[PDB]
Amino acid sequence: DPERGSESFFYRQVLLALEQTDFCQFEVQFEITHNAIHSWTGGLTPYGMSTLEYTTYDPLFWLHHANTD
Amino acid sequence: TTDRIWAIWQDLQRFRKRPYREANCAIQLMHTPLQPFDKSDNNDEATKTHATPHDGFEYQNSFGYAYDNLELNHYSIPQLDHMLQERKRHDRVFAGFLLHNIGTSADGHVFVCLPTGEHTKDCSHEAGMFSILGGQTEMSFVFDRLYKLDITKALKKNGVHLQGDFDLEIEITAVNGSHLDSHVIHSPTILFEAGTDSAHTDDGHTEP
């Protein structure tokens, strides 16, 4: 939900990551943000993205990682 | 600022998708011209055209004055809407006041006293207060509807439920500090407001 409209959590979380000069500082923010998509998509279901084991199986996984990359 | 808030309400209204510049209440009054704006004493031509309150709604382009931001307490309009809903979540009990404001301005204080002491708090004496602005000059006016104030927090604090028998005590004081006879003023009513989900009854049976 946007206040600004651009002001979204994904946007904000990533934005913070982008601000960081240091690679390491960037990575942590970046990785955590990354995780959000897995959780929301997979949700409760056992077979989906929410699980470390299963996530690779969903084809969405690649689209997401492509974005993350 | 007050005008800005009115504008704020107006924009919120559109969010609700209610018509922004439409009032379907007090139709008679809206059309009426608003003096002295009507008269020649008022040089301002724009205001004279603007005299009917109906036209007043669209400040924009009519008046040609805008506000830098329309937000309340740094809350976006959509933010306010969400905020409003949350308030709606809990049941609420209100006290209604029939304001036949007459005379000079006065402040009124009221709280709901409970019939027992003991364990239970004594009269909180602070339901809330509202003031009314007025003067001898003012033309008589009476509100068409009640003025609602949300008692709920205080009542819960005292631990009373809506059902609990309680009295409301009101004190009216003039700016002067002279006490005003409360007897003339009608007693306030207590309204209980709930959302769609209402409670089912213990006694009796609603469903067939």
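Protein chains in written order, with the UniProt record's numbering: chain A, 2653 to 2721; chain B, 1473 to 1680. We treat Cβ as the ideally placed atom computed from N, Cα and C, and that holds for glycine.
Nearest-angstrom Cα distance between residue i and residue j?
i                 : j                 : result
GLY1667 (chain B) : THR2693 (chain A) : 33 Å
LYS1560 (chain B) : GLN1551 (chain B) : 15 Å
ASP1510 (chain B) : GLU2659 (chain A) : 47 Å
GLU1610 (chain B) : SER1670 (chain B) : 43 Å
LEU1640 (chain B) : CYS1595 (chain B) : 10 Å
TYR1531 (chain B) : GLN1482 (chain B) : 10 Å
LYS1520 (chain B) : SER1512 (chain B) : 9 Å
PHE1664 (chain B) : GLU1543 (chain B) : 30 Å
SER1612 (chain B) : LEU1571 (chain B) : 11 Å
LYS1620 (chain B) : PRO1680 (chain B) : 36 Å
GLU2671 (chain A) : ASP2721 (chain A) : 17 Å
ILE1480 (chain B) : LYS1625 (chain B) : 26 Å
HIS1655 (chain B) : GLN1635 (chain B) : 25 Å
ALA1599 (chain B) : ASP1622 (chain B) : 9 Å
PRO2654 (chain A) : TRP1478 (chain B) : 24 Å
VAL2666 (chain A) : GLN1557 (chain B) : 30 Å
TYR1492 (chain B) : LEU1484 (chain B) : 8 Å
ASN2719 (chain A) : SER1603 (chain B) : 59 Å
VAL2680 (chain A) : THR2673 (chain A) : 12 Å
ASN1545 (chain B) : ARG1490 (chain B) : 23 Å
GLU1517 (chain B) : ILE1642 (chain B) : 46 Å
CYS2676 (chain A) : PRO2711 (chain A) : 29 Å
Can you list, in chain order, the residues of its chain whose CB lies under 8 Å from that of residue i, leaving out five sequence neighbours each side?
i                 : result
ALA1495 (chain B) : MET1502, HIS1526, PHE1529
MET1555 (chain B) : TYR1547
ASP1637 (chain B) : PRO1587
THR1524 (chain B) : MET1502, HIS1503, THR1504, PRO1505, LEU1506
Report the residue from the options whose alpha carbon sits nearest the alpha carbon of residue i.
i                 : options                                    : result
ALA1578 (chain B) : B:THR1678, B:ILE1477, B:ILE1644, B:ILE1662 : B:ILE1644
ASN1573 (chain B) : B:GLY1536, B:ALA1523, B:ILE1657, B:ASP1594 : B:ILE1657
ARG1488 (chain B) : B:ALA1523, B:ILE1549, B:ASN1533, B:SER1612 : B:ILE1549
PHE1569 (chain B) : B:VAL1582, B:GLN1635, B:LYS1593            : B:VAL1582
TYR2709 (chain A) : A:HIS2690, A:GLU2655, A:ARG2664            : A:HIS2690
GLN1608 (chain B) : B:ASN1533, B:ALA1518, B:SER1534, B:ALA1646 : B:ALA1646
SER1659 (chain B) : B:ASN1541, B:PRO1491, B:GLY1580, B:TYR1492 : B:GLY1580
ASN1541 (chain B) : B:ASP1675, B:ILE1604, B:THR1473            : B:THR1473
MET1601 (chain B) : B:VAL1584, B:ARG1493, B:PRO1491            : B:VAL1584
Can the beta-carbon of residue i be found less than 8 Å from the beta-carbon of residue j?
i                 : j                 : result
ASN1514 (chain B) : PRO1505 (chain B) : no
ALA2669 (chain A) : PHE2678 (chain A) : yes
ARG1486 (chain B) : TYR1539 (chain B) : no
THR2697 (chain A) : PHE2662 (chain A) : no
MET2701 (chain A) : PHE2682 (chain A) : no
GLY1575 (chain B) : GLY1606 (chain B) : yes
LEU1618 (chain B) : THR1673 (chain B) : no
Once the 5 residues before and after residue i are set aside, which same chain residues still bring their CB inside 7 Å of it?
i                 : result
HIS1677 (chain B) : none
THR2703 (chain A) : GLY2694
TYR2699 (chain A) : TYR2706
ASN1533 (chain B) : none
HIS2716 (chain A) : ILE2689
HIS1597 (chain B) : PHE1583
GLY1589 (chain B) : none
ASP1553 (chain B) : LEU1484, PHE1487
Please report whether the beta-carbon of residue i lies at a distance below 8 Å from any beta-carbon of chain E.
i                 : result
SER1654 (chain B) : In the displayed structure, chain E is absent; the protein chains listed are A and B.
Tell me which same chain residues have a C-beta within less than 6 Å of the C-beta of residue i, skipping the five on either side of it?
i                 : result
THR1592 (chain B) : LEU1586
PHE1615 (chain B) : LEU1571
Is the region 1556–1566 of chain B touching the region 1492–1508 of chain B, taking contact as three or more C-beta pairs under 8 Å? Fewer than three beta-carbon pairs drawn from the region 1556–1566 of chain B and the region 1492–1508 of chain B are found closer than 8 Å, and the two stretches are therefore not classed as touching.
Three or more C-beta pairs under 8 Å: does that hold for the region 1642–1655 of chain B against the region 1620–1631 of chain B? Taking 8 Å as the limit for Cβ pairs, the verdict is that the region 1620–1631 of chain B does not touch the region 1642–1655 of chain B.
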